[PDB]
Each structure stands twice: as structure tokens, then as C-alpha cells.
Amino acid sequence: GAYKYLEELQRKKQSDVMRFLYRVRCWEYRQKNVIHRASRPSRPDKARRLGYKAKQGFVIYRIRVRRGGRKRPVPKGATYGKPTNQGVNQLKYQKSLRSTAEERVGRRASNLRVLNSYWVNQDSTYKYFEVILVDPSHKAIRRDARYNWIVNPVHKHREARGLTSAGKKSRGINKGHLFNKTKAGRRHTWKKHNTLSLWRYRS
Amino acid sequence: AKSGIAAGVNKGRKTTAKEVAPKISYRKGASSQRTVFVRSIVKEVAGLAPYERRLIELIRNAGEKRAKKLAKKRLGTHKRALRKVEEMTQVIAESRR
Amino acid sequence: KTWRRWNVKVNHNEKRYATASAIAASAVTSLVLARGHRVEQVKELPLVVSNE
Amino acid sequence: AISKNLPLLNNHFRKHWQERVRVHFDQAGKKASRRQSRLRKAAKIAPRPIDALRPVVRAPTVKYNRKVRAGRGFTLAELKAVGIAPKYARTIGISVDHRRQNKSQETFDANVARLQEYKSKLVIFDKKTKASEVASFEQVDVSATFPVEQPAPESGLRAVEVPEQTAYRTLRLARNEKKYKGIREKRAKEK
Amino acid sequence: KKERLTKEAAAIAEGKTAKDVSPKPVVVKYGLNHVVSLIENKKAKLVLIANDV
Amino acid sequence: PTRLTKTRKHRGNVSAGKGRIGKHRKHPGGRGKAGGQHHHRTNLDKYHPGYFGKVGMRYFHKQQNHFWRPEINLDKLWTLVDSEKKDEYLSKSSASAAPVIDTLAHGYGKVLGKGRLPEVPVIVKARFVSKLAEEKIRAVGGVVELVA
RNA sequence: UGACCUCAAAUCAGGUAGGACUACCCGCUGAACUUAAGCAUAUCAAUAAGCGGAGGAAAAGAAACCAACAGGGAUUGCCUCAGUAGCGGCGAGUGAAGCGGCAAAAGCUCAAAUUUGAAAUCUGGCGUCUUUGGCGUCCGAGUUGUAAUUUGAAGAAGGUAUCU
RNA sequence: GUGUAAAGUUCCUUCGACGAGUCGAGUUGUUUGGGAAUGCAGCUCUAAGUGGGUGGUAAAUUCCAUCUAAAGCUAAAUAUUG
Ligand SMILES: CC[C@H]1CN2CCc3cc(OC)c(OC)cc3[C@@H]2C[C@@H]1C[C@H]1NCCc2cc(O)c(OC)cc21
Ligand SMILES: [NH3+]CCC[NH2+]CCCC[NH2+]CCC[NH3+]
Ligand SMILES: [Mg+2]
Ligand SMILES: [Mg+2]
Ligand SMILES: [Mg+2]
Ligand SMILES: [Mg+2]
Ligand SMILES: [Mg+2]
Ligand SMILES: [Mg+2]
Ligand SMILES: [Mg+2]
Ligand SMILES: [Mg+2]
Ligand SMILES: [Mg+2]
Ligand SMILES: [Mg+2]
Ligand SMILES: [Mg+2]
Ligand SMILES: [Mg+2]
Ligand SMILES: [Mg+2]
Ligand SMILES: [Mg+2]
Ligand SMILES: [Mg+2]
Ligand SMILES: [Mg+2]
Ligand SMILES: [Mg+2]
Ligand SMILES: [Mg+2]
Ligand SMILES: [Mg+2]
Ligand SMILES: [Mg+2]
Ligand SMILES: [Mg+2]
Ligand SMILES: [Mg+2]
Ligand SMILES: [Mg+2]
Ligand SMILES: [Mg+2]
Ligand SMILES: [Mg+2]
Ligand SMILES: [Mg+2]
Ligand SMILES: [Mg+2]
Ligand SMILES: [Mg+2]
Ligand SMILES: [Mg+2]
């Protein structure tokens with residue numbers, strides 16, 4: 001079908017065609033509201049890859065998030081501590097702009113569950129993301145055996161808890177030796193390695 | 001298959017080898033007719049990137065060493081730079097007819 | 001604090017040593033009497049009764 | 001702060017350690033409740049055994065090559081060799097592992113014999129089966145009925161055969177060949 | 001389609017295969033994936049592409 | 001028990017055994033290993049020489065399983081023979097039929113050569129042997145069979 | 001005279017979110033007292049305070065894993081590895097992981113495929129019934145793709161001996 | 001029970017789609033036991049198809065081993081000053 005072609009063409013982002021389309025769509029998205037509803041995915045193939053289905057109860061929001069690092073929000077740059085903590089500029093947020101996009105969209109549409117999200121476009125001031133959300137109160141979702149799971153309350157604001165793909169990426173939830181500190185949760189691992197376990201018959 | 005002793009080249013205990021059926025996951029890098037066809041049409045529709053055109057100019061101007069240095073500066077690694085320069089030489093050979 | 005030490009380890013063999021010593025002491029009439037048991041009308045120790 | 005001839009210690013107690021002290025007062029309670037869970041799970045599904053049959057695999061590393069232990073599941077080749085599909089095997093108390101393979105014949109044969117032994121003792125009930133036959137069976141412990149058994153070390157009498165080259169010399173020559181293999185091959189190629 | 005299915009259910013009542021009562025359809029193919037696969041399989045004789053996709 | 005401690009005996013005496021001049025204080029001298037190069041040098045130099053400095057090369061990601069090789073000597077080698085058959089083997093052992101001692105299956109990596117063997121042929125299976133251990137095994141008419 | 005796309009309005013039909021609790025849980029943000037007998041890197045500590053989000057557990061989870069063996073085989077926890085490899089004004093300090101024994105064990109789902117001899121899919125209104133729903137019908141969603149079919153351990157399409 | 005249905009099983013042939021501003025690279029900050037750089041994040045560059053990742057000393061050359069990322073669900077063993 002056409003989804004393979006769509007996939008292969010979106011990988012040629014520096015071709016003339018894709019550059020023209022990105023210019024035009026960046027202008028239009030910058031001309032709209034920071035958060036707005038998208039009538040449809042601008043990348044149907046990418047949405048399909050990320051779990052979107054053209055059903056009632058699947059929703060798309062486009063959101064615009066400011067680029068760059070995280071300036072320390074201390075008044076006049078005074079940190080009141082030791083010189084190792086005096087940095088104000090060149091500091092970085094530990095979450096991605098994709099995660100920030102997801103969280104702001106989920107906050108705006110608080111009745112939906114954030115399924116996933118993807119990058120759509122970019123300029124010097126903003127990155128643009130499209131967030132795939134699912135309505136858990138819609139019967140087309142509740143009677144769907146492949147999407148009942150997100151109706152259960154342990155998935156309330158999963159994007160706020162880092163349970164989406166972007167969130168698990170920023171949390172370091174991967175297998176292997178390169179993720180020793182964060183495999184099962186960084187703070188959980190630290191607490192486990194800093195707990196004194198004492199038994200009845202001390203060994 | 002092993003030397004039967006604990007030191008040297010090919011050390012370890014001898015066992016009777018059993019032929020292993022290859023896993024289908026090991027075919028991941030193989031190409032298919034579907035992806036070759038789709039990629040050829042997408043190359044025709046999309047065209048070339050600016051750095052790929054610059055690479056082609058260096059190769060045409062006999063700057064193989066320059067084209068390698070550019071392809072590594074752009075793509076990031078020497079292995080990928082080697083494959084990109086080989087692909088752009090094959091592109092020139094497919095553009096000379 | 002609750003992480004005070006409450007249980008104490010004893011070597012299993014030494015614990016068995018003491019068990020054997022106590023079993024042996026149960027057959028000494030003077031020890032049972034000093035222990036305080038009213039055993040003066042038992043004809044011999046150990047006292048063994050039928051399986052009924 | 002440092003005094004006398006004493007060992008130098010590493011007592012890592014400079015954080016708020018007292019907020020993370022786990023004292024296992026509930027060791028006996030957890031033992032008892034663990035036993036009750038184990039009894040309830042067994043009685044729910046009796047006479048079906050509570051444990052799936054596990055394979056026998058060699059332990060990794062040069063330190064545990066000698067030992068052999070229970071694996072995770074029988075390979076697809078092993079189940080193929082005993083004519084059981086993995087989907088069916090998971091429903092008759094056999095564990096499957098799609099990840100393990102059989103490079104060598106010894107572990108493969110051991111696990112095939114183990115599967116055939118379990119299959120000979122298996123009795124699969126059906127609709128026609130009555131409660132008299134079901135009650136004629138006792139819930140066995142599969143982990144003890146088909147235990148993992150270490151191969152016996154070679155012992156007893158055998159003829160002495162002394163090679164001309166000593167074992168120490170053999171090891172030294174193997175080490176030397178491995179150490180200089182690359183440079184000798186480069187020298188021969190250049191020559 | 002409802003009328004055709006009614007006829008086919010009548011034919012299966014008569015004992016027929018329901019494929020003989022209905023002629024082979026000659027219709028317009030649509031759907032982007034479907035039409036792309038038809039072109040790749042050299043089955044499409046003519047393709048009309050919308051200009052405002 | 002607290003009733004056996006000297007805290008019970010210091011009750012009634014002003015300083016609790018800490019002195020009237022010294023006056024048991026919080027941390028005179030510092031905490032832990034403080035001042036090891038300055039005012040505890042006289043202690044560390046005397047009792048822990050070699051404490052400061054680097055020696056040798058680092059080894060990133062050292063897996064100790066690689067270096068597993070427990071030693072068994074020759075004077076302890078016959079303890080791996082079955083106890084119920086040791087005396088029979090020590091008597092009836094010959095070149096035609098000598099006991100096999102699998103040291104790896106008993107948990108040993110290298111056979112070392114301390115001590116003396118019974119003048120009795122044995123077949124020793126080892127991953128590694130020392131030169132003198134194998135010379136002594138061959139001298140009693142035995143052999144070392146390398147395994148892996 | 002009508003479609004379509006995008007965007008609005010309604011006290012339109014029906015829903016949903018907010019707020020609370022604190023012991024555990026998932027993240028963000030984030031000190032300094034303190035230790036170094038001073039002190040700035042370091043330490044305290046990836047801690048306190050601050051902010052966002054859950055559940056009865058949470059999180060993790062069926063390998064882009066560990067290894068280097070004769071190989072293991074999702075995740076989690078315990079015992080051990082180990083105060084070790086390593087990090088550190090290589091100072092004060094700090095510091096995991098593989099293997100091994102055990103507790104518990106459970107596996108899987110999409111996207112990428114032409115149903116193309118038939119959108120076979122689904123929310124809602126209306127009617128009715130035996131009502132956590134079934135049946136009928138009509139709009140709507142949907143071809144810029146809803147069902148069936150496949151998930152790499154495979155699998156598909158043809159042929160194939162038939163069996164369970 | 002509408003079981004000419006659904007599913008599995010053997011063999012042969014032809015195939016076998018497998019996730020992109022992502023991997024990866026540089027640099028900056030932070031963090032880590034991770035040390036010519038463990039993870040995370042910002043910015044710049046930006047892929048491929050037996051390709052890609054990992055193999056704890058940076059690099060090129062040659063092999064080998066092992067998985068298959070950039071999409072998703074899942075009880076139990078675990079925690080619990082409420
Ligand atoms: C002093 C103890 C209180 C406070 N704490 C702590 C916080 C808390 C939070 C809760 O939810 C977050 C919660 O939910 C149940 C309960 C509590 C309890 C309630 C408890 C009173 C309650 N004890 C049981 C019986 C009873 C009977 C009454 O008539 C009655 O009158 C008010 C009250 C009660
Ligand atoms: N853990 C809380 C303190 C954070 N201080 C960061 C540690 C700095 C040391 N870096 C180690 C040197 C880099 N290899
Ligand atoms: Mg650009
Ligand atoms: Mg809609
Ligand atoms: Mg900012
Ligand atoms: Mg401060
Ligand atoms: Mg999860
Ligand atoms: Mg491969
Ligand atoms: Mg005193
Ligand atoms: Mg005084
Ligand atoms: Mg004093
Ligand atoms: Mg001085
Ligand atoms: Mg209303
Ligand atoms: Mg303090
Ligand atoms: Mg100080
Ligand atoms: Mg002081
Ligand atoms: Mg001071
Ligand atoms: Mg806090
Ligand atoms: Mg609740
Ligand atoms: Mg539980
Ligand atoms: Mg969960
Ligand atoms: Mg997998
Ligand atoms: Mg594992
Ligand atoms: Mg630390
Ligand atoms: Mg209806
Ligand atoms: Mg994938
Ligand atoms: Mg840096
Ligand atoms: Mg921080
Ligand atoms: Mg770094
Ligand atoms: Mg995944
Ligand atoms: Mg409680």
C-alpha cells in the first residue's frame with residue numbers, strides 16, 4: 001500500500017519536496033494556537049505505527065513547544081550556595097520537548113488518555129508535535145478488546161508519570177549494562193542499594 | 001571443535017556439534033523486492049540532499065579524500081561515510097548514461 | 001530502636017549437645033528433686049508407661 | 001580519629017541510613033503465609049502438579065561449566081524431537097523457551113530423554129473421564145519426581161597411558177601458540 | 001448490496017452456491033492502499049488522482 | 001548485658017573514666033580517617049604502610065569468574081578417591097587399573113605439587129597442573145590427563 | 001440548487017476532568033547545615049523542602065539482554081557477589097554488575113499485506129426484548145483505511161499424507 | 001451445539017513487508033562505579049538494509065559472538081510511620 005511509500009518519503013527530510021512541505025506546514029502551525037486540535041494526522045503512517053486508528057475516540061492535538069535549554073529560574077541568577085551550583089545558563093531539562101508536548105496536551109484534554117506522540121516539524125523557536133489521545137469513556141474504545149487496557153485507572157496521566165515511549169526513554173527504562181542505574185527505576189534502585197536489611201538471626 | 005584443553009587457541013571442552021536451525025530474527029538486515037522497489041521510486045520522487053550533491057561534486061572533481069572527510073563530518077562515522085561515498089559513486093555511474 | 005538484636009544464634013550441634021545433656025539429666029533422681037518435682041513416690045527414673 | 005594497630009574500616013553510614021532500615025520481623029509470618037499460598041494453589045488444581053517440567057542446562061562461565069541445573073524451558077527443537085507443539089506443551093505442564101537453542105548434542109539428548117520420561121508418566125483426562133479415575137491419582141511434585149541430576153564424575157580403574165609430551169609442556173605450548181599466533185601469521189604473510 | 005444478499009440467501013435456500021446467481025462485478029476500485037497495490041501488480045488500466053489531497 | 005559493663009561501676013565518680021583534664025569531647029582529631037597525611041601520619045606510617053598512592057594498572061569490568069581456579073595439592077589429592085575404596089585402590093592399583101581422580105568434578109582448577117603421593121599409580125584429570133606436580137605424579141607411575 | 005475541507009455556535013444528546021488522603025509508588029525540581037579536623041572539586045545527596053501523577057500495590061517485564069561457557073534465557077525480590085571491579089583534592093570518602101542458591105513464575109499485542117467476487121468494521125438515534133446486554137432499522141464514522149489474516153519464537157501464498 | 005467450521009500437526013517450492021529529525025556522530029550541562037566520556041537532556045549534523053545495536057581504553061583494517069531499537073499489554077513473588 002501507500003504507507004510504505006509514506007514511510008520511505010518522510011525519511012528524505014532534506015529533499016526539495018519534503019523541505020517545501022515542511023516550510024509551508026511550519027508557517028501554518030506557527031500561525032495557529034500553541035495547542036490546537038488536528039482534524040486528522042498530518043502523518044497517517046506514523047500515527048498508525050504509534051497505535052492510532054481512524055475510529056471514533058481517537059483524537060489528535062498539535063502542540064508547539066519552545067526550544068532550547070532550561071534557564072535556572074532564580075532571581076537575578078543568584079543561587080545562594082556553593083560554586084558547583086552557580087550555573088544558570090547551559091542547564092538542560094531532563095525531559096524531552098516531546099514529553100513536555102505530551103504533558104501539556106494531556107493537561108488540556110484531561111478527559112483523554114495520552115497514547116503516544118510524534119515529531120512533525122521544527123524551526124529555531126519551536127518544535128511541533130502531534131499527540132495521539134484516546135477517549136476512555138467512548139464505547140468504541142471500551143468495547144475494543146485491543147484498547148480496553150487504557151480504560152483501567154493505572155493509566156491515568158501515564159504521560160505525567162513517564163509511561164509513554166518518550167517518558168520511558170527519558171527515564172532510562174531499557175535492558176542491559178548501559179542502564180544499570182535506571183532499569184527498574186532510578187530512585188527505587190538507589191533505595192534498594194541504600195537500605196540496611198537486618199534479619200532475625202543476624203548474618 | 002574445541003581443543004579439549006584449558007589453554008591456547010580454540011580452548012574448551014569438546015562436544016558433539018548439532019546443526020542449529022537459523023532464527024528468523026537473524027534475517028533482519030536482508031533486503032526484499034518490496035523495499036528495493038519502494039526505495040527506488042522514493043529516490044526518484046525525492047531526489048538528493050544538499051550534502052549528497054556536494055559529495056557528488058567532490059567525487060566528480062576527483063576529491064575522493066575530501067568526499068570521505070565530508071561524508072564523515074556529515075553522517076558521523078567512518079563506516080557510514082564509506083558506504084555513502086560508495087553509494088554516490090554508484091549514483092554517478094548510473095548518471096553517466 | 002526496633003533494630004536492636006532480639007534473636008540469638010546458637011550452633012546447631014551445641015544446641016543438640018544441650019538437649020542430650022538435659023535428656024540425660026531427666027533420669028537422675030537427685031536432679032529432678034532439686035528441680036522441684038514431687039517424684040518421691042515414683043519407684044525409678046526414667047518413668048515409662050505403656051502405650052495405652 | 002585514627003588510633004592503635006587496627007584494621008581500617010569502611011562503614012558506609014554517613015547518609016540518613018536510619019530511615020532505610022529493613023528489619024525482617026516478618027520472616028516467620030511470611031514463611032507461614034507463603035506455605036498457605038502454596039497449599040491453596042495446589043488444592044485448587046489437584047491432582048495437576050503445581051510445577052511445570054523444566055529442562056536441564058549447563059551453567060555458564062568457566063567457573064560453573066561443571067555444574068548442571070534446571071533451565072527455563074525446553075527448546076523448540078527438543079519439543080519437535082518429542083513431537084509436541086509448544087502451544088500444546090504449555091497446556092500439559094511443560095515449559096517452553098523460544099530463546100534457548102541446542103548447539104551441542106548432549107544437552108539436547110538429555111532434555112529429549114527427560115521429555116519422553118515425562119510423556120510416559122503423563123495421563124491427560126477428558127470429558128469421558130470420571131471422578132473415580134481422577135481420584136485414583138495423587139498430586140506429585142514434578143521437581144522431585146524428575147530431579148536435576150549431576151553427571152557422575154569418572155571414577156574407578158582405568159589403564160594408565162603416558163604420552164611422551166608432559167601435560168605441563170602441552171599447556172605451555174598452547175599458551176605460546178595463542179600468544180604469538182597473530183604476529184607469526186603477519187610475519188608469514190609478509191614473507 | 002442488501003438486495004443482492006437477499007437474492008443469494010434465496011439461492012442458498014434453493015441449494016445453489018450463491019456465486020452463480022450473482023455475476024462477477026465490474027466496478028471502480030478506490031482506496032489508496034488498494035489502488036497502489038493494483039498499480040504495483042499491473043492490474044489497473046486507468047488511475048485518476050485527486051489534485052487536492 | 002548492661003549489668004556487666006563498666007558504666008555501672010563508674011556511677012558516683014565524676015568523670016566516668018574519661019578524665020578531668022581531657023574532658024571527653026565530640027571529635028578531637030577529626031572524624032574517620034581525617035588527617036591521615038598530617039596529624040595521623042605517625043599512626044598510618046607505623047601500622048598501615050603503603051596506604052597512600054597508586055600501584056599497578058586498572059582493570060575495567062573485572063569478572064572474577066574468569067579467574068576461578070581452586071588449588072589442590074598432591075598430599076591432599078587422594079582425599080578425592082572414594083573413602084570406602086581407598087585402601088583397596090592403594091593395594092590393588094597397578095598400571096593396568098589405576099584410580100581416576102577427576103579434580104574438576106570435585107571443584108579444583110589446578111593441581112599443585114606440595115607433599116608426597118603414595119607410591120601408587122593414579123590417573124589425574126585436571127585443567128591445569130604444575131610442573132612438579134606432574135613430575136611427581138608420573139614418578140609414582142601415574143599420568144596427568146588435561147581436560148577443559 | 002448541492003457536495004467537500006477547515007473552522008465556529010447552542011442551557012443542543014450523552015459523558016468525562018478537576019478536589020481530598022500520605023505510609024508505600026512513578027517522575028520533575030532541588031539545597032544547605034554536615035564530613036573533609038580550614039576550604040572551593042568532593043561529601044551530605046542524585047537527600048530535605050517545592051511541583052506533577054497513580055494503585056492496592058505501583059513500577060518493571062517477555063531481550064536491539066547477559067555472556068565468552070560444554071553457554072544461559074521476560075520482569076521483580078531475598079542470600080551472595082562485595083565494601084569487591086571501579087570512581088575519588090586517588091584525600092575524606094564512595095561503589096555497582098554478570099555468574100551461583102532461592103521466592104514466584106505466564107505469556108503475548110500492534111504497524112508494515114489487495115476483502116477487492118463485494119467495509120465483511122464501529123459510536124449514536126428510533127423501536128423492541130429475556131437489559132453490565134440481544135435483535136431490527138436509520139443516520140453517521142470510515143477507503144487520507146474500520147474488520148478478518150501475521151508479529152520474527154515466525155509467518156504468508158500455492159501443493160501436500162492424512163490424522164488429533 | 002447450524003463444527004462440510006475453527007485450530008494444530010509432516011513435507012516441498014516461491015516468498016518473507018519488520019517502527020526516521022530516529023539510530024548514530026559532535027559539542028554543552030548534569031548525572032553515574034562507568035574510567036579518551038554510564039544514562040538523560042539541549043543544540044548542530046544526520047543514516048542504512050545482512051543493515052542496525054552491543055561486546056566497559058580512544059582509532060583504522062579484518063573477523064567472530066549475540067540480539068533485533070526507535071510502537072504496545074500483562075498476574076505472582078516485592079514495598080507499605082496512611
Ligand atoms: C483520629 C482518627 C481519624 C483520622 N484518620 C486519619 C486520616 C484518614 C483518612 C481517610 O481517607 C483518606 C480515612 O478514610 C476512612 C480515615 C482517616 C482516619 C479517620 C479516623 C476517624 C474514623 N476512625 C474509624 C471510625 C470512625 C467513626 C466515626 O464516627 C468518625 O467520625 C468522624 C470517624 C472514624
Ligand atoms: N550524588 C550527589 C552528588 C552529585 N555530585 C556529582 C558527582 C561528581 C563526581 N563525578 C565523578 C567524576 C567523573 N567520572
Ligand atoms: Mg533542517
Ligand atoms: Mg472524528
Ligand atoms: Mg526553555
Ligand atoms: Mg541554594
Ligand atoms: Mg508497563
Ligand atoms: Mg541480522
Ligand atoms: Mg577510661
Ligand atoms: Mg568534667
Ligand atoms: Mg582527650
Ligand atoms: Mg602541613
Ligand atoms: Mg445538553
Ligand atoms: Mg546531619
Ligand atoms: Mg569542615
Ligand atoms: Mg570542626
Ligand atoms: Mg566553616
Ligand atoms: Mg520531598
Ligand atoms: Mg483508591
Ligand atoms: Mg501483591
Ligand atoms: Mg503495572
Ligand atoms: Mg521480541
Ligand atoms: Mg534474565
Ligand atoms: Mg553517591
Ligand atoms: Mg443501532
Ligand atoms: Mg521493531
Ligand atoms: Mg560533557
Ligand atoms: Mg538535576
Ligand atoms: Mg556525559
Ligand atoms: Mg517494544
Ligand atoms: Mg497498613
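Per chain, numbering begins at 1; letters A, B, ... match sequence-line order. Every heavy atom of this structure was used, including side-chain atoms; hydrogens, water molecules and symmetry mates were not.
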**Student:** Counting any heavy atom closer than 4.0 Å, what does A:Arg158 reach on the DNA or RNA strands: base, sugar-phosphate only, or nothing?
**Tutor:**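 Sugar-phosphate: the residue A:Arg158, judged by heavy atoms under 4.0 Å, touches backbone atoms but no base.
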
**Student:** Does B:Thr35 or D:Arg22 map to a spot on RNA chain H nearer the 5' end, using the closest nucleotide for each?
**Tutor:**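 The 5'-side residue here is B:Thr35.
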
**Student:** Applying a 4.0 Å non-hydrogen cut-off, can you work out what A:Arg113 is touching in the nucleic acid: base, sugar-phosphate, or nothing?
**Tutor:**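 Counting heavy atoms under 4.0 Å across all strands, no contact is made by A:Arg113.
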
**Student:** Can A:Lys46 be said to sit on top of A:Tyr118's aromatic six-ring, NZ or CZ under 6.0 Å from centre and within 45° of the ring axis?
**Tutor:**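 No, cation not above the ring by the 6.0 Å, 45° rule.
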
**Student:** When we call it a touch if two heavy atoms are under 4.0 Å apart, what does A:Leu50 touch: a base, just sugar-phosphate, or nothing?
**Tutor:**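 Touches sugar-phosphate only.
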
**Student:** Tell me, which of residues 59-74 of chain D have any heavy atom that sits under 4.0 Å from an atom in RNA chain H?
**Tutor:**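 The answer is none.
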
**Student:** Quick one: do D:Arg58 and D:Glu106 make a salt bridge, cutoff under 4.0 Å?
**Tutor:**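 Answer for the salt bridge query: no.
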
**Student:** Tell me what B:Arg80 touches on the nucleic acid: a base, only sugar-phosphate, or nothing, going by heavy atoms under 4.0 Å.
**Tutor:**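 It contacts base atoms.
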
**Student:** Would you please determine if the base of G:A37 is stacked by F:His39, with stacking meaning a centroid separation under 5.5 angstrom and planes under 30 degrees?
**Tutor:**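 Stacked: ring centres under 5.5 Å, planes under 30°.
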
**Student:** Select base, sugar-phosphate, or nothing to describe what E:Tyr30 touches, counting heavy atoms under 4.0 Å on all strands.
**Tutor:**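 Base contact - E:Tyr30 has a heavy atom under 4.0 Å of at least one base atom.
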
**Student:** Using a 4.0 Å heavy-atom cut-off across all strands, classify A:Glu159 as base, sugar-phosphate, or nothing.
**Tutor:**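 Counting heavy atoms under 4.0 Å across all strands, no contact is made by A:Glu159.
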
**Student:** Have a look at A:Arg171 and say if it touches a base, only the backbone sugar-phosphate, or nothing, with a 4.0 Å heavy-atom cut-off.
**Tutor:**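 A:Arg171: backbone/sugar contact only, no base atoms under 4.0 Å.
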
**Student:** Quick check against the 3.5 Å criterion: does F:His40 have a side-chain atom that pairs as donor or acceptor with the backbone of F:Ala34?
**Tutor:**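 Such a contact is found between F:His40 side chain and F:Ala34 backbone.
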
**Student:** Classify the nucleic acid contact of A:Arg40 as base, sugar-phosphate or nothing, counting any heavy atom under 4.0 Å across all strands shown.
**Tutor:**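 The answer is base, as A:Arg40 lies within the cut-off (heavy atoms under 4.0 Å) of a base atom.
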
**Student:** Please determine if D:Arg99 and D:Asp97 form a salt bridge, counting it only when a charged side-chain N lies under 4.0 Å from a carboxylate O.
**Tutor:**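 D:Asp97 and D:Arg99: salt-bridged.
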
**Student:** Salt bridge or not for B:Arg34 and E:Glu40, using N-O below 4.0 Å?
**Tutor:**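 Answer for the salt bridge query: yes.
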
**Student:** If only atom types and distance count, is the side chain of A:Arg43 paired as donor or acceptor with the main-chain N or O of A:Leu6 below 3.5 Å?
**Tutor:**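 Pair absent, no side-chain N/O of A:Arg43 close to backbone of A:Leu6.
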
**Student:** Taking any heavy-atom pair under 4.0 Å as a contact, classify A:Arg48: base, sugar-phosphate, or nothing.
**Tutor:**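 The residue A:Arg48 makes sugar-phosphate contact but no base contact.
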
**Student:** Which is true for A:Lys156 with a 4.0 Å heavy-atom rule: it touches a base, it touches only sugar-phosphate, or it touches nothing?
**Tutor:**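 Sugar-phosphate: the residue A:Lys156, judged by heavy atoms under 4.0 Å, touches backbone atoms but no base.
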
**Student:** Is the shortest distance from a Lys or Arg side-chain nitrogen in B:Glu87 or B:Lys84 to a carboxylate oxygen in the other one below 4.0 Å?
**Tutor:**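 Yes.
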
**Student:** Considering every strand and a 4.0 Å limit on heavy-atom distances, what is the contact class for F:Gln63: base, sugar-phosphate, or nothing?
**Tutor:**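 The residue F:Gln63 makes base contact.
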
**Student:** Looking for any heavy atom pair under 4.0 Å, which part of the strands does A:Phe129 touch: base, sugar-phosphate only, or nothing?
**Tutor:**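 No contact.
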
**Student:** Using heavy atoms to find the nearest nucleotide of RNA chain H for F:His61 and B:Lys84 separately, return the residue whose nucleotide is more 5′.
**Tutor:**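 First, find each residue's nearest nucleotide; the 5'-ward one identifies B:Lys84.
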
**Student:** Is E:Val53 touching bases, backbone alone, or none of the nucleic acid, heavy atoms closer than 4.0 Å?
**Tutor:**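 Base: the residue E:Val53, judged by heavy atoms under 4.0 Å, touches a nucleobase.
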
**Student:** Assign A:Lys82 to base, sugar-phosphate, or nothing according to its heavy-atom contacts below 4.0 angstrom with the strands shown.
**Tutor:**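 If one applies the 4.0 Å heavy-atom cut-off, A:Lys82 turns out to touch a base.
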
